[PDB]
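> For the protein sequence lines, the chains are B and D, in the order given.
Residue numbers for the first sequence follow the deposited numbering, so the first one is 212 and each next one is one higher.
Residue numbers for the second sequence follow the deposited numbering, so the first one is 162 and each next one is one higher.
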Amino acid sequence: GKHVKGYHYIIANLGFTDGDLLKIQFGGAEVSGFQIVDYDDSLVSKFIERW
Amino acid sequence: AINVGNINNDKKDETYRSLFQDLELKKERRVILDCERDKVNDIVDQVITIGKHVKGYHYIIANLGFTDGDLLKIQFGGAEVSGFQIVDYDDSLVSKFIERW
């Protein structure tokens, strides 16, 4: 129970959304990370469809 | 007292976070459940997702199947949990029954 409102974590990899992330989406603790593969970029979306 | 019966399976996670953003109004650190064992394990899970199980909360499970569910998950949170059990697993009549079951 160390993920409530008060704790703050930093993911130090270029794959934030690569791993499972929803598990702490509602813990209240703010979570920040890094995304090199911007799933919002156009090239990646057409890639995701085929993927 | 909060009616938790009338809910469907699709809009389940929404009406639950809103139920504890409503139990957060009373700052209710002491909650009683009093439901069937199938609905017990479903309620337990969403509590851990929001994080209402650290040192400060106290829950009372109102059914005869305390150990009949799974309890090792909420065993390291911090809150006090209470319940009721009728099947004594230290009796020789149940031991001679558990040794065969």
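Yeah, the Cβ is synthetic: ideal placement off N, Cα and C, and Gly gets one too.
My guess is that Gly244(B) and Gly212(D) are in contact by the Cβ rule of under 8 Å, so how many angstroms apart are they, rounded?
Not confirmed; about 20 Å, so no contact.
> Quick check on residue 263(D): buried or exposed, where buried means 16 or more other Cβ atoms within 10 Å of its Cβ?
There is no way to answer for residue 263(D), as the model of chain D reaches only from 162 to 262.
> Taking a contact to mean a Cβ-Cβ separation below 8 Å, would you say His214(B) touches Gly238(B) in this structure?
Yes; because the gap between Cβ atoms is below 8 Å, this pair is in contact.
> Are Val205(D) and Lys234(D) closer than 8 Å when you measure CB to CB?
A contact, by the Cβ cut-off of 8 Å.
> So, does the CB of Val248(D) fall closer than 8 Å to a CB anywhere in chain B?
Not one chain B Cβ lies under 8 Å of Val248(D).
> Which residues, in chain order, does the stretch 217–241 of chain B contribute to contact with chain D at a C-beta distance below 7 Å?
Under the 7 Å Cβ criterion, the stretch 217–241 of chain B contributes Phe237, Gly238 and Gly239.
> Tell me the rounded alpha-carbon separation between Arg190(D) and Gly226(B).
Roughly 38 Å separates the two Cα atoms.
> Between which two residues does the beta strand (DSSP E) holding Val255(B) run?
Premise fails: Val255(B) lies in the alpha helix (DSSP H), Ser253 to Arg261, not in any beta strand (DSSP E).
> As a quick exercise: from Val242(B), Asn224(B), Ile221(B) and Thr228(B), pick the residue whose alpha carbon is nearest that of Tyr250(B).
Of the listed residues, the one whose Cα sits closest to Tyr250(B) is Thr228(B).
> Return the residue from the list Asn164(D), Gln246(D) and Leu186(D) that minimises the CA-CA distance to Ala223(D).
Among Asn164(D), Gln246(D) and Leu186(D), the Cα nearest to that of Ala223(D) belongs to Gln246(D).
> Could you check which residue in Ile168(D), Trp262(D), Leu254(D) and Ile163(D) has the C-alpha nearest to that of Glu185(D)?
Out of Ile168(D), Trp262(D), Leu254(D) and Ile163(D), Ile163(D) has the C-alpha closest to the C-alpha of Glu185(D).
> Compare the beta carbon distance of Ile168(D) and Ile193(D) with 8 Å and say whether it is the shorter of the two.
Contact: no.
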